[PDB]
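Source file: my_file-v1.cif. Holds: mmCIF, C-alpha atoms.
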data_structure
#
loop_
_atom_site.label_atom_id
_atom_site.label_comp_id
_atom_site.auth_asym_id
_atom_site.auth_seq_id
_atom_site.Cartn_x
_atom_site.Cartn_y
_atom_site.Cartn_z
CA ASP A 1 20.60 17.41 8.51
CA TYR A 2 17.56 16.33 6.54
CA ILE A 3 14.29 17.94 7.62
CA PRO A 4 11.26 16.92 5.52
CA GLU A 5 9.16 19.95 4.55
CA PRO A 6 5.96 18.65 2.91
CA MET A 7 3.70 21.11 1.07
CA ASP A 8 0.83 22.51 3.13
CA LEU A 9 -2.23 20.85 1.55
CA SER A 10 -4.62 21.53 4.45
CA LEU A 11 -6.60 24.08 2.42
CA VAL A 12 -6.89 21.90 -0.70
CA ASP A 13 -10.51 20.74 -1.14
CA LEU A 14 -11.24 17.64 -3.21
CA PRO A 15 -14.76 16.70 -4.31
CA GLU A 16 -16.62 14.67 -1.67
CA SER A 17 -17.46 11.99 -4.30
CA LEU A 18 -13.72 11.31 -4.72
CA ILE A 19 -12.84 11.21 -1.04
CA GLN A 20 -15.67 8.69 -0.71
CA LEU A 21 -13.64 6.57 -3.14
CA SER A 22 -10.39 6.66 -1.06
CA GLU A 23 -10.54 2.98 -0.09
CA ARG A 24 -11.03 1.93 -3.69
CA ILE A 25 -7.96 3.87 -4.77
CA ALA A 26 -5.78 2.79 -1.81
CA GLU A 27 -6.73 -0.81 -2.49
CA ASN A 28 -5.52 -0.57 -6.06
CA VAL A 29 -2.29 1.14 -5.00
CA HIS A 30 -1.79 -1.76 -2.61
CA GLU A 31 -2.50 -4.36 -5.32
CA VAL A 32 0.06 -2.74 -7.58
CA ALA A 33 2.67 -2.63 -4.81
CA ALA A 34 1.88 -6.19 -3.65
CA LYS A 35 2.18 -7.60 -7.18
CA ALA A 36 5.57 -5.91 -7.65
CA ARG A 37 6.92 -7.37 -4.39
CA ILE A 38 5.52 -10.80 -5.21
CA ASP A 39 7.09 -10.70 -8.68
CA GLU A 40 10.48 -10.23 -7.00
CA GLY A 41 9.97 -13.36 -4.87
CA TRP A 42 8.43 -11.76 -1.79
CA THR A 43 5.95 -13.82 0.21
CA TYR A 44 3.76 -13.23 3.22
CA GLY A 45 5.34 -13.53 6.66
CA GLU A 46 3.99 -12.19 9.96
CA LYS A 47 7.29 -10.45 10.62
CA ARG A 48 9.14 -8.35 8.03
CA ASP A 49 12.28 -10.15 6.84
CA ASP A 50 14.48 -8.77 4.07
CA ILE A 51 16.74 -11.85 3.85
CA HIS A 52 13.87 -14.22 3.18
CA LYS A 53 11.73 -11.62 1.42
CA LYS A 54 8.93 -11.84 3.96
CA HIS A 55 6.40 -9.04 4.31
CA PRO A 56 3.12 -8.91 6.28
CA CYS A 57 1.55 -6.48 3.75
CA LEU A 58 1.26 -9.37 1.26
CA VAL A 59 -2.40 -10.03 2.17
CA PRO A 60 -5.65 -8.77 0.62
CA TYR A 61 -6.10 -5.04 1.28
CA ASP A 62 -9.16 -5.72 3.43
CA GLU A 63 -7.08 -7.86 5.81
CA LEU A 64 -4.54 -5.12 6.48
CA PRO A 65 -4.62 -3.52 9.95
CA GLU A 66 -7.01 -0.55 10.04
CA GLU A 67 -4.24 1.90 10.87
CA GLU A 68 -2.40 0.80 7.75
CA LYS A 69 -5.49 1.07 5.54
CA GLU A 70 -5.92 4.54 7.02
CA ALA A 71 -2.34 5.57 6.12
CA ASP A 72 -2.89 4.23 2.60
CA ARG A 73 -6.11 6.24 2.13
CA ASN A 74 -4.30 9.33 3.39
CA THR A 75 -1.33 8.77 1.07
CA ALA A 76 -3.68 8.46 -1.87
CA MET A 77 -5.62 11.61 -0.81
CA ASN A 78 -2.43 13.61 -0.35
CA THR A 79 -1.19 12.61 -3.79
CA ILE A 80 -4.40 13.85 -5.38
CA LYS A 81 -4.37 17.04 -3.28
CA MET A 82 -0.85 17.68 -4.63
CA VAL A 83 -2.21 17.50 -8.18
CA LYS A 84 -4.92 20.01 -7.37
CA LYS A 85 -2.37 22.25 -5.66
CA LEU A 86 -0.17 22.12 -8.82
CA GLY A 87 -2.96 23.77 -10.81
CA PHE A 88 -5.23 20.97 -12.01
CA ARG A 89 -9.07 20.79 -11.87
CA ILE A 90 -10.57 17.51 -10.60
CA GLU A 91 -14.29 16.95 -11.24
CA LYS A 92 -16.69 14.00 -11.47
CA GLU A 93 -17.56 13.65 -15.18
CA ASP B 1 -3.91 -17.94 -1.81
CA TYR B 2 -3.54 -14.20 -2.29
CA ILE B 3 -3.10 -13.10 -5.90
CA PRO B 4 -2.95 -9.30 -6.36
CA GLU B 5 -5.11 -8.16 -9.28
CA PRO B 6 -4.56 -4.42 -9.95
CA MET B 7 -6.86 -2.51 -12.34
CA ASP B 8 -5.73 -2.34 -15.95
CA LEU B 9 -4.79 1.34 -16.28
CA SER B 10 -2.71 1.02 -19.46
CA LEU B 11 -5.39 2.86 -21.46
CA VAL B 12 -5.85 5.73 -18.99
CA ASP B 13 -4.35 8.90 -20.51
CA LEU B 14 -3.32 11.74 -18.21
CA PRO B 15 -2.45 15.23 -19.45
CA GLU B 16 1.18 15.54 -20.50
CA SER B 17 1.51 18.69 -18.34
CA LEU B 18 0.71 16.57 -15.28
CA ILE B 19 3.05 13.68 -16.06
CA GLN B 20 5.75 16.31 -16.47
CA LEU B 21 5.16 17.08 -12.78
CA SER B 22 5.53 13.45 -11.59
CA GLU B 23 8.77 14.26 -9.80
CA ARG B 24 7.22 17.16 -7.83
CA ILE B 25 4.38 14.98 -6.71
CA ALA B 26 6.59 11.96 -5.89
CA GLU B 27 8.87 14.28 -3.94
CA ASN B 28 6.02 15.58 -1.81
CA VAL B 29 4.69 12.07 -1.15
CA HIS B 30 8.20 11.24 0.04
CA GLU B 31 8.37 14.32 2.30
CA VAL B 32 5.10 13.34 3.94
CA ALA B 33 6.14 9.71 4.46
CA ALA B 34 9.57 10.77 5.77
CA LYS B 35 8.14 13.28 8.25
CA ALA B 36 5.83 10.54 9.56
CA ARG B 37 8.69 8.09 10.06
CA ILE B 38 10.88 10.74 11.67
CA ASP B 39 7.95 11.71 13.91
CA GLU B 40 7.93 8.14 15.27
CA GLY B 41 11.67 8.34 16.00
CA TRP B 42 13.01 6.84 12.80
CA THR B 43 16.45 7.99 11.62
CA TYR B 44 18.67 7.45 8.60
CA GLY B 45 20.79 4.30 8.50
CA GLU B 46 22.39 2.74 5.44
CA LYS B 47 20.65 -0.55 6.15
CA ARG B 48 16.99 -0.90 7.17
CA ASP B 49 16.66 -1.79 10.87
CA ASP B 50 13.25 -2.16 12.51
CA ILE B 51 14.63 -2.59 16.06
CA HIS B 52 16.62 0.62 15.87
CA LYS B 53 14.26 2.47 13.53
CA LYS B 54 16.89 2.93 10.83
CA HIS B 55 15.75 3.48 7.24
CA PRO B 56 17.82 4.45 4.17
CA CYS B 57 14.84 6.37 2.65
CA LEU B 58 15.27 9.15 5.23
CA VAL B 59 17.30 11.37 2.89
CA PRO B 60 16.25 14.22 0.57
CA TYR B 61 14.17 12.90 -2.36
CA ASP B 62 16.94 13.85 -4.79
CA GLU B 63 19.50 11.68 -3.02
CA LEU B 64 17.36 8.55 -3.37
CA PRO B 65 18.53 5.84 -5.78
CA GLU B 66 17.14 6.44 -9.28
CA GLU B 67 15.09 3.23 -9.21
CA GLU B 68 13.31 4.36 -6.04
CA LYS B 69 12.48 7.76 -7.52
CA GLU B 70 11.22 5.87 -10.58
CA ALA B 71 9.00 3.58 -8.45
CA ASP B 72 7.76 6.66 -6.61
CA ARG B 73 6.84 8.57 -9.79
CA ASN B 74 5.04 5.47 -11.07
CA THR B 75 3.19 5.02 -7.79
CA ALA B 76 1.98 8.62 -7.98
CA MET B 77 0.97 8.27 -11.65
CA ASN B 78 -0.97 5.06 -11.04
CA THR B 79 -2.78 6.70 -8.16
CA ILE B 80 -3.87 9.58 -10.37
CA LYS B 81 -4.80 7.19 -13.24
CA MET B 82 -7.11 5.35 -10.81
CA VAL B 83 -8.92 8.66 -10.15
CA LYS B 84 -9.50 9.18 -13.85
CA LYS B 85 -10.55 5.53 -14.21
CA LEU B 86 -13.16 6.07 -11.45
CA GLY B 87 -14.87 8.75 -13.55
CA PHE B 88 -13.09 12.00 -12.75
CA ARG B 89 -11.87 14.64 -15.24
CA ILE B 90 -8.33 15.96 -14.69
CA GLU B 91 -7.36 19.18 -16.50
CA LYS B 92 -4.85 22.00 -16.17
CA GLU B 93 -6.80 25.08 -15.04
#
Represent the structure contained in this file as structure tokens.
Amino acid sequence: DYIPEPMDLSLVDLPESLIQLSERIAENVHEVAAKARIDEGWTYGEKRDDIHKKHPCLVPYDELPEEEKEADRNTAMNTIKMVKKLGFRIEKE
Amino acid sequence: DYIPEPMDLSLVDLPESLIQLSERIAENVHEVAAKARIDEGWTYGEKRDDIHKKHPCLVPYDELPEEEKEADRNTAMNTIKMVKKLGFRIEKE
């Protein structure tokens, strides 16, 4: 009975200089998330395992599969588009 | 050999009007991620199951455990702080 209805952000334009910086942002988001998992005892494992706290994402961002890096860049871009949609200006200083 | 080293963002100040909207943003990020999982045939299950594509996050944002909403708001805020750290102004129009 749950149907996700995400905001339409397809018409939200961000500055090109920011989109160029997608990887940089996604990388940091990843570092933050990786450090939190690691702090709770999580370690790298090629297969995800909740009982032994194994996760394959616990590698440097650059070593993540491309498809995953792509999802991360998109998640970061969509977050920022949400901000702009909520009525905030975003400009290179 | 991997040690996550996230940017120090503790001195990045975002507008209070934006932080007040953390939940809205985190909710939308959740809707997008949930639609993507559901698109690949994932369904709700009380325990996470990769073989059967069960995930407990596939519920309305509001029904998520408070700690997860908290993580989500923080993840959105850190993303936006990274933008400001990279040299972008963020202001309510």
Once you count all atoms listed in the file, what closest atom pair and distance in Å to one decimal does each residue of chain B within 6 Å of chain A have, with rows by chain and rising residue number, as CSV?
residue,atom,partner,partner_atom,distance
B:4,CA,A:31,CA,5.1
B:6,CA,A:31,CA,5.1
B:28,CA,A:6,CA,5.6
B:31,CA,A:6,CA,5.0
B:32,CA,A:6,CA,5.5
B:35,CA,A:4,CA,5.5
B:87,CA,A:93,CA,5.8
B:88,CA,A:92,CA,4.3
B:89,CA,A:91,CA,5.2
B:90,CA,A:90,CA,4.9
B:91,CA,A:89,CA,5.2
B:92,CA,A:88,CA,4.3
B:93,CA,A:88,CA,5.3
Set up a box along x, y and z of the file covering all listed atoms of range 34-47 of chain B, add 5 Å on every one of the six sides, and write the centre and edge lengths in Å to one decimal, as JSON.
{"center_x": 14.1, "center_y": 6.4, "center_z": 10.7, "size_x": 26.6, "size_y": 23.8, "size_z": 20.6}
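Coordinates place CA of residue 69 in chain B at a distance of 18.9 Å from CA of residue 16 in chain B.
If you look at CA of residue 42 in chain B and CA of residue 42 in chain A, they are 24.1 Å away from each other.
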Problem set entry | Interatomic distance (Å, one decimal) between CA of residue 23 in chain B and CA of residue 41 in chain A | 28.1 Å
Exercise. Can you list, as a count of residues only, every protein, DNA or RNA residue that comes within 8 Å of residue 47 in chain A when you count all atoms listed in the file, leaving out same-chain residues fewer than 5 positions away?
Worked result: 3
